[PDB]
Amino acid sequence: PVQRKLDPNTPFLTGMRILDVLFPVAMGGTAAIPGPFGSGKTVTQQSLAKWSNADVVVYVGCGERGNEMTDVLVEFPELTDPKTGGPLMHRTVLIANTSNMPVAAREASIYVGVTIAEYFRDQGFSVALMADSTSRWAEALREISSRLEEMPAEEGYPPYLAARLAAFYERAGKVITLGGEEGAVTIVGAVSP
Amino acid sequence: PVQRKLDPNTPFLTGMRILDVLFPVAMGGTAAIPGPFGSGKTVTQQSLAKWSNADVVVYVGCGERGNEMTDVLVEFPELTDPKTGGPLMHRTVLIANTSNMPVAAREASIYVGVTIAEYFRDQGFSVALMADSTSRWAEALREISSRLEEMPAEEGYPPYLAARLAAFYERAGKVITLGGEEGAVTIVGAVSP
Amino acid sequence: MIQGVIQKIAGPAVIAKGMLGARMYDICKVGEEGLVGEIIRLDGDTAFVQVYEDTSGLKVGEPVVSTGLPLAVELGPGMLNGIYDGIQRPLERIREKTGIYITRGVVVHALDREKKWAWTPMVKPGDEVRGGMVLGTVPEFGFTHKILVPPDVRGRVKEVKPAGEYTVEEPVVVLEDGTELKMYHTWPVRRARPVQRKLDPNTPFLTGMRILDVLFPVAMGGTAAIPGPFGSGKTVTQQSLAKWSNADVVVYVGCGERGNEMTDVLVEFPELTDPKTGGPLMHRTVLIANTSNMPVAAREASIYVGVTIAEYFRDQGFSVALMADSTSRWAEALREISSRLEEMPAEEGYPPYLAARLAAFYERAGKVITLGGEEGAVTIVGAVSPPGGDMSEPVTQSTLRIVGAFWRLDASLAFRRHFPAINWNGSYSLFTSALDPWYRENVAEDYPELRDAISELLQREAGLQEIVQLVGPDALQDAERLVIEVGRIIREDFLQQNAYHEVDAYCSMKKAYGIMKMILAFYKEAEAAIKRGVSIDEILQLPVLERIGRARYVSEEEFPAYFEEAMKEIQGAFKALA
Amino acid sequence: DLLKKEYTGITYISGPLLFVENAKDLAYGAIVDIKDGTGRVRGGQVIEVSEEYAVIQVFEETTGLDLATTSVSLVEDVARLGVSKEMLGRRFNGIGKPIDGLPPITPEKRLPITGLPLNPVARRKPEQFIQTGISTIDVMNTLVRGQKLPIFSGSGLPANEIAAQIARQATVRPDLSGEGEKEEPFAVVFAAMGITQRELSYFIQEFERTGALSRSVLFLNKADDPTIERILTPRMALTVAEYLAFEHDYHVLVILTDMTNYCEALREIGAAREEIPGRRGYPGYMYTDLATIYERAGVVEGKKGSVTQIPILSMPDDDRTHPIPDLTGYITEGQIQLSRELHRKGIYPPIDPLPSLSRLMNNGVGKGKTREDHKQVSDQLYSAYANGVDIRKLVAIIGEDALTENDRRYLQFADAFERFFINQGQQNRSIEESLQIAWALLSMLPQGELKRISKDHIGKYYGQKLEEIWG
Amino acid sequence: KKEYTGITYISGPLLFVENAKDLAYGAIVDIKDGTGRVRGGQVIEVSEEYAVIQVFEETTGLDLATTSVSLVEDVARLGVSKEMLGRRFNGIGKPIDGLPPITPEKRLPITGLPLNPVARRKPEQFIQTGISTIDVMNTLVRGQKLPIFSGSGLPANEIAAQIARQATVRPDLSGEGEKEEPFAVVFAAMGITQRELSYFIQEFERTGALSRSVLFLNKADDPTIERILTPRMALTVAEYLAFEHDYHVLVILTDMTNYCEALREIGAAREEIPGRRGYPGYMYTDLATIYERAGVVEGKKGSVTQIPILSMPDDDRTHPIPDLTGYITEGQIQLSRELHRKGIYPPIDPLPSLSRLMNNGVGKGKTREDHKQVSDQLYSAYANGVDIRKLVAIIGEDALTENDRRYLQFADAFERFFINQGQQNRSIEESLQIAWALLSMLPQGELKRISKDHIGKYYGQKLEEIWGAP
Amino acid sequence: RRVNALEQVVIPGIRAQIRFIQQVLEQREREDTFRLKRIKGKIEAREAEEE
Ligand SMILES: Nc1ncnc2c1ncn2[C@@H]1O[C@H](COP(=O)(O)OP(=O)(O)OP(=O)(O)O)[C@@H](O)[C@H]1O
Ligand SMILES: Nc1ncnc2c1ncn2[C@@H]1O[C@H](COP(=O)(O)OP(=O)(O)O)[C@@H](O)[C@H]1O
Ligand SMILES: [Mg+2]
Ligand SMILES: [Mg+2]
């Protein structure tokens with residue numbers, strides 16, 4: 194819970210000219226990115242993590258490939274935080290899941306990440322939340338719904354897929370915390386059709 | 194019951210050039226007018242009600258807009274019967290079960306209309322029956338069969354849908370009545386795929 | 001024995017109670033008429049029985065008696081030149097006993113018990129005999145039918161009957177432990193007959209059809225599938241294989257198909273000539289007929305009976321061709337039974353074990369060393385009848401994963417009366433490389449190169465057809481237009497084959513090789529002429545084009561002279577064009 | 002048999018099914034009589050029986066039945082039909098009861114309506130060519146006596162007219178085959194399932210005008226008749242046809258009006274019984290049921306009669322891959338497929354030869370049967386017409402003016418073929434006339450293009466002009 | 005030991021046994037009939053009233069009066085040892101080569117414990133398959149999962165055997181490298197025919213590749229549960245060798261389409277509701293638990309590399325099996341039916357092929373400095389050539405630009421010499437040499453993707469000097 | 159003209175037919191799932207009420 198949700202007045206500054214100028218996202222807003230292979234998505238994601246005006250970074254990996262998750266877990270500790278000069282990891286929380294982990298954990302990863310982000314927001318910070326593949330999370334949700342023997346909607350997805358996606362994305366926003374301070378959660382989700 | 198079915202040999206003059214010339218329907222015949230939304234099924238059927246050479250017109254509003262039924266109720270008294278010179282409403286029977294009325298009554302409305310048409314045929318009149326949409330009747334049958342937990346045939350419709358439609362459409366025809374006089378029923382059913 | 005009563009009847013399915021102790025897949029006599037059935041489910045005191053006969057008129061409470069044995073066939077002399085139903089009952093005897101219709105509960109021996117056979121012993125007292133060894137010889141239509149030891153029988157010979165005439169019930173050989181070996185033995189149709197060793201495929205199964213024998217060959221121990229929509233030629237192709245193939249014995253299984261198609265064989269084959277033995281063609285043929293209007297539960301039984309008979313004749317040392325007229329009917333019968341079982345179905349309503357059943361059936365083929373040390377082979381050509389012509393259906397896809405050759409039929413080709421209507425793009429064969437040494441030794445040293453050249457020309461034509469359908473054939477260059485015309489020549493003059501023509505019905509390997517050589521020589525000369533400005537529009541008007549087109553209808557013994565003259569004309573006509 | 006046993010204790014009525022709980026005596030497939038409190042009697046058949054209850058499919062509608070006063074009585078253990086030679090000239094409903102006002106038939110025999118499968122050993126080769134008078138059938142899709150040759154139609158296509166024309170014009174040609182020169186007409190068994198009054202009146206008037214009623218047996222189930230009783234109509238019709246053909250040596254032509262309506266009733270029963278379905282909700286056993294219907298035609302060794310079937314079915318949305326036409330094509334010996342495109346152009350009969358087929362054509366044509374050049378001419382016509390259709394497809398891309406002379410000749414051949422061979426109206430053409438027209442059309446093409454035809458036949462017949470036949 | 009005789013139901017592959025609550029879920033049991041024959045089965049459901057057993061093989065002889073069930077093992081385990089090299093097994097660990105059973109050093113559960121992501125390291129070393137279209141343009145990296153996409157008639161088995169025969173590591177190129185690191189091949193064949201079985205046996209025995217290989221061969225007519233177990237046994241052996249003996253293990257899974265069909269059949273037999281297109285809703289997770297067992301682990305010298313092979317059911321890339329495989333794996337090798345029908349072997353089409361980890365395993369100190377740029381230039385030049393090939397059909401050769409004709413000749417030479425290598429075993433140096441000879445047919449300066457230093461070092465040589473045959 | 163025709167009339171039409179066929183196939187899949195659920199329910203009911 195929060196006292197009040199604020200309007201998208203101030204921008205979320207990623208440090209990239211095209212994003213900050215042509216297609217800005219407000220502080221507490223939500224953005225979607227596609228992850229095509231060979232597009233430099235990982236460079237841009239970690240550049241956003243390094244140079245954004247967010248105090249805390251939460252990175253959620255929902256059911257990634259083993260080697261891509263290894264890439265994230267190896268490259269991220271080597272990033273440096275420009276505000277202090279030390280490791281970037283000192284202000285980020287990494288949530289890592291491979292495709293072979295239990296489907297329940299892969300489905301709950303984004304909610305765990307958004308809850309941690311909301312907690313850090315309630316401390317009065319600005320939090321950038323990155324979900325590396327909501328398509329894999331949706332695949333996990335589809336598998337869980339199939340195990341429940343639920344009638345699918347469209348391409349095998351449960352009819353409540355949009356409701357769950359909205360429940361995840363709408364937790365973002367600039368708020369007045371219960372402690373009276375100001376904090377925000379900005380979510381940058383990624384899709385891989 | 195009737196004494197005998199006769200082969201239809203006189204046209205059912207609808208007053209529309211294309212229907213009366215290119216695609217005629219005989220006085221005891223049957224016709225279907227399928228089309229998407231906004232294509233003119235209701236305007237065609239109301240034009241038939243206004244201008245056809247039938248003695249008695251039975252209009253069945255099966256699961257359609259209430260504004261169209263009000264439309265008929267309002268203008269038809271002010272219009273003139275083509276073959277008697279009196280008000281057009283005096284030769285018309287309206288059966289209205291709008292889309293927001295109870296669904297199960299849609300099926301009842303079709304049978305009520307066809308039975309009234311058969312009665313007026315038995316009196317020696319030539320009757321034209323318009324079914325505003327047999328698709329709503331099919332939807333009512335589908336809902337009832339769903340409540341019965343019956344195995345659907347195709348697109349959720351019960352397997353006896355074709356039998357019900359055939360039984361309904363077979364009630365039309367030019368006949369010799371039990372009283373020895375001549376009567377006919379023409380059925381124009383609209384379909385909303 | 002286990003004896004129960006009928007508890008429930010619903011179509012071909014009967015539930016019998018009081019059947020505790022009955023075993024799965026055992027044969028049961030159902031009702032007072034003793035209808036043959038099979039146990040497919042055991043549940044407490046009750047057993048689920050599928051009946052191989054019509055069940056109309058059966059009443060609750062009628063006795064059900066279990067025989068304690070699974071479905072089995074009698075294997076011995078007297079099976080050739082005969083036609084059997086699904087459970088191996090001779091249809092001629094049924095016709096004699098019943099008339100023009102098939103009624104229920106007819107009991108007839110599969111092998112005639114009255115006919116005498118000229119027994120010729122080969123073993124002597126004191127000999128040690130094992131499963132698959134030859135006990136003696138009996139003549140049958142010019143074949144040497146070998147009386148084999150049953151696969152599970154061992155012992156030492158105590159006494160043998162001297163040479164003479166005996167029925168199949170005569171105990172010709174008696175072992176020391178007392179077991180009596182007859183001219184015939186029974187075998188469970190669901191058990192594959194054991195072999196000493198499987199062999200690699202190295203010799204072709206000559207079908208007599210140019211496209212199958214050249215572009216998509218099948219080896220002697222191989223498996224082929226021919227799927228297609230209705231009217232595409234599956235039956236005509238299989239009957240052409242039965243007429244013209246180089247197999248010693250042909251087993252034709254009419255699983256769920258028309259009875260007129262079985263009548264066609266029954267009427268024509270006696271009047272035709274066996275390609276190698278010189279006698280009537282029907283003498284080497286065994287027919288198993290379970291037509292579409294016969295009981296549905298007997299289709300699987302017919303398939304298994306046919307495959308077991310084929311294995312038996314393979315064990316005698318012959319090469320056997322097995323034709324399954326439709327495995328789709330077998331799949332449909334399985335679905336019908338599973339509907340009565342109230343099982344959870346797999347895709348399209350078929351039971352989950354359909355793929356396992358199909359794989360087990362198809363894996364029975366192969367060239368083997370028999371238990372007696374001889375060499376035999378079974379070749380299986382199964383026809384598939386997908387619903388609506390949809391090749392993505394479960395049966396077609398399951399068959400795709402196990403057969404060595406895939407002969408896809410095309411409805412569009414059949415519509416324009418282009419036969420055998422094989423879809424060249426969708427067809428393939430996995431036996432091509434293994435058969436190359438045989439082709440070099442027996443047809444020509446360069447035959448594989450010619451076949452590869454023809455395949456490459458067809459691939460190039462298929463590539464150019466995409467452009468043709470976009471801009472028309474007249475927008476191509478002369479070389480590409482020549483490729484298109486040569487592909488048309490190949491399709492109309494080589495791939496096409498009339499099964500009902502007096503000459504074109506059968507084609508030898510050397511005749512097909514000669515036609516390919518003529519076509520390739522013409523193409524090479526045409527490409528040379530085009531490379532020096534000769535218009536294509538006048539190349540197509542050469543009479544040698546018509547000569548190649550009509551080379552199909554030249555008889556086998558007249559063909560070499562025609563081929564020499566055609567080669568000379570091919571050289572001369574392109575010599576004349578500047 | 003003479004005693005009547007009644008079963009009360011009906012526990013369930015829904016749709017076409019009725020449950021009775023103390024009827025272990027009832028046999029499987031038995032026919033029962035269902036009597037309500039008003040005394041009205043309806044028929045039914047046992048489709049499942051057990052120690053604890055039996056399932057009965059009701060042939061008529063279930064209106065007015067109640068669980069307190071309804072009783073079920075056994076009629077016979079096996080569904081049988083009383084047949085006689087006197088059935089000719091009579092009309093019956095879908096369950097074999099008279100509807101012409103005449104007294105009931107005195108049965109010579111009572112035969113099971115499901116029949117029995119013909120022994121393939123007892124079958125005979127269907128060989129006698131039937132001249133239907135329609136060139137697209139006689140030349141390219143030849144019908145022989147004993148064949149199952151359905152008509153694949155659509156909603157607005159004149160399949161009934163074509164069937165009536167075939168029944169009116171069909172005759173054998175003993176002079177061509179050398180058989181016994183006789184003029185015995187076909188006996189017609191007409192089975193109508195769900196037929197409308199419009200089609201029924203047309204059929205009745207056609208048969209009356211041709212005088213074929215005296216040689217006809219009519220089984221009429223109308224579109225307002227009960228649906229479930231359609232399961233019996235083809236079976237009774239084919240029982241009568243088999244009896245006539247194979248006991249009284251009649252040559253019987255059987256016409257089944259709409260197998261689509263039969264399949265609808267089959268689907269209704271299957272869905273009520275929760276059967277595992279095939280495609281589009283039809284029961285898995287549809288193939289077997291349709292086979293038990295269709296496979297009852299043919300000829301028998303030693304016997305003189307014959308049964309020829311011409312079923313008619315409306316392909317839903319003109320889809321050849323629909324389960325009903327698909328399974329029918331898998332069972333029957335070819336099909337005659339109508340074309341809506343040809344119909345819209347005024348061509349009658351609008352038979353499309355390319356999707357049409359006759360499996361038994363090869364048995365009844367050739368030297369000594371119709372003529373020596375028949376099969377080759379048919380093959381050449383098929384190839385040339387397919388070429389013309391392909392060139393029509395090409396024209397839509399490159400335009401007609403860009404065609405070469407060979408392509409133009411094939412296009413003109415296709416046009417003239419459609420306008421003169423297929424389009425014949427109500428006239429009755431002999432096989433010689435049809436072959437003359439076919440050769441006139443083939444003469445439009447160069448002599449070297451006729452690869453399918455042997456050169457001697459070309460020398461004999463090529464060169465005749467289309468204007469010589471007319472105009 | 006204890007016998008369970010309370011059989012109350014037999015139907016299809018299932019049987020119900022009462023008073024069997026002592027049987028753990030997933031346990032392997034022995035079913036003995038009245039004739040003494042013993043069948044295997046797996047417990048798929050346990051309750052207080054009865055246990056459900058899915059029976060291997062058929063249930064022909066079984067009856068409710070004389071059948072008994074006894075426990076074999078609570079968890080399906082495989083006895084693993086280094087002596088398994090040179091041995092053949094039937095897919096459930098039973099030898100089928102006629103040799104005595106191995107003596108297990110330890111018995112491991114064939115189910116896969118997931119690797120901890122913080123324990124994995126980045127794959128950075130390549131495997132030489134001996135095939136130029138793979139080594140040069142689609143390089144396989146140790147720890148990668150690189151599937152091969154084929155069709156029904158394509159020679160996937162031949163390519164699998166060739167890779168298993170020719171695969172090796174190249175430590176001499178790794179700067180200095182370990183002078184000898186163990187290399188092993190685990191060959192898992194699922195649902196193969198007898199013909200394929202004999203082909204694989206001859207291919208492995210005729211050249212001695214068997215001595216460093218372990219084969220798990222499951223036939224088409226074998227029980228489907230054995231097909232389900234086969235890849236897990238193969239991967240158990242691979243993990244044991246790689247991470248307890250520092251082996252570099254290459255795992256080849258010969259047909260994953262057969263595995264997925266077996267999975268569908270098993271799911272249907274257990275009354276599970278399927279997901280998309282009839283396949284189980286958990287198919288993605290199952291395929292992940294198979295595929296994700298490969299990789300390289302921090303602090304370990306060994307590695308596991310997988311090459312799954314699958315025939316697309318109708319050449320449809322969007323089919324669930326290839327779709328989910330592409331979801332989980334790092335790229336794909338696509339076979340071309342056009343190339344196969346043109347007489348080219350192996351029929352690998354470079355344009356739709358991709359190796360996602362290729363950049364991390366090539367370059368200076370790994371293969372050679374010019375590898376990446378050469379592969380890029382080859383890809384671009386081949387695409388240009390194949391497009392000009394379609395253009396020349398309509399506009400003719402004379403209307404082409406001179407560079408267009410050069411690309412046209414390059415495409416033909418590339419197909420004839422680079423892709424069509426036959427049964428040759430090419431080192432990466434030989435493949436790079438052939439690639440440079442092919443690039444030399446193009447004019448210098450048209451090689452945009454290659455730096456001037458590499459062009460100066462390697463450009464110029466002719467095909468005639470180094471080719472295997474004209 | 160040919161390029162414009164292909165980009166405006168042909169390709170969108172084929173894409174629309176592809177979408178329509180996909181929708182019909184997905185409809186049939188959903189109906190099959192419904193039927194399988196009903197079958198499983200009936201099996202469970204029979205087993206758990208009267209074995
Ligand atoms: N014959 C006509 N003359 C003039 N306007 C017409 C005619 N037919 C249709 N229209 C116009 O199109 C509109 C839609 O017609 P109509 O209400 O009959 O549609 P409908 O096909 O019955 O559709 P729905 O299924 O949505 O009820 C009319 O309100 C009118 O504006
Ligand atoms: N090779 C062929 N030569 C000539 N005609 C053929 C050939 N194959 C098929 N046909 C024709 O196709 C028709 C139907 O073929 P059929 O074998 O019944 O196909 P299916 O068994 O797939 O239904 C036959 O009547 C026959 O005339
Ligand atoms: Mg309206
Ligand atoms: Mg056939």
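For the protein sequence lines, the chains are B, C, A, F, D and G, in the order given.
Numbering-wise, the entry's author numbering puts 241 at position 48 of the first sequence, and it's gapless, one number per residue.
Numbering-wise, the entry's author numbering puts 210 at position 17 of the second sequence, and it's gapless, one number per residue.
Numbering-wise, the entry's author numbering puts 113 at position 113 of the third sequence, and it's gapless, one number per residue.
Numbering-wise, the entry's author numbering puts 14 at position 13 of the fourth sequence, and it's gapless, one number per residue.
Numbering-wise, the entry's author numbering puts 303 at position 299 of the fifth sequence, and it's gapless, one number per residue.
Numbering-wise, the entry's author numbering puts 195 at position 37 of the sixth sequence, and it's gapless, one number per residue.
No residue lacks a Cβ here, since even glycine has one placed at the ideal position from N, Cα and C.
By alpha-carbon positions, which one of the options ends up nearest to residue i?
i	options	result
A80/D	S357/D, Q428/D, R43/D, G30/D	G30/D
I32/F	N23/F, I48/F, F20/F, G40/F	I48/F
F205/A	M509/A, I530/A, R364/A, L577/A	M509/A
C264/F	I232/F, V300/F, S357/F, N23/F	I232/F
Rounded to whole angstroms, what is the Cα-Cα separation between residue i and residue j?
i	j	result
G271/F	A355/C	15 angstroms
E296/F	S319/A	34 angstroms
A578/A	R547/A	21 angstroms
Just to check, is the beta-carbon of residue i closer than 7 angstroms to a non-hydrogen atom of ligand 2?
i	result
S245/A	no
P151/F	no
If you measure from the CB of residue i, is any heavy atom of ligand 4 nearer than 7 angstroms?
i	result
residue 474/F	Summary: the structure shown does not reach residue 474/F, with chain F confined to residues 2 through 472, and so no result is reported for it.
Between residue i and ligand 1, is the CB less than 7 angstroms from at least one heavy atom?
i	result
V267/C	no
Segment contact, 8 angstroms Cβ cut-off, at least three pairs: the segment 238-249 of chain B with the segment 277-290 of chain B: Taking a contact to require three or more Cβ pairs closer than 8 angstroms, the segment 238-249 of chain B and the segment 277-290 of chain B qualify as touching.
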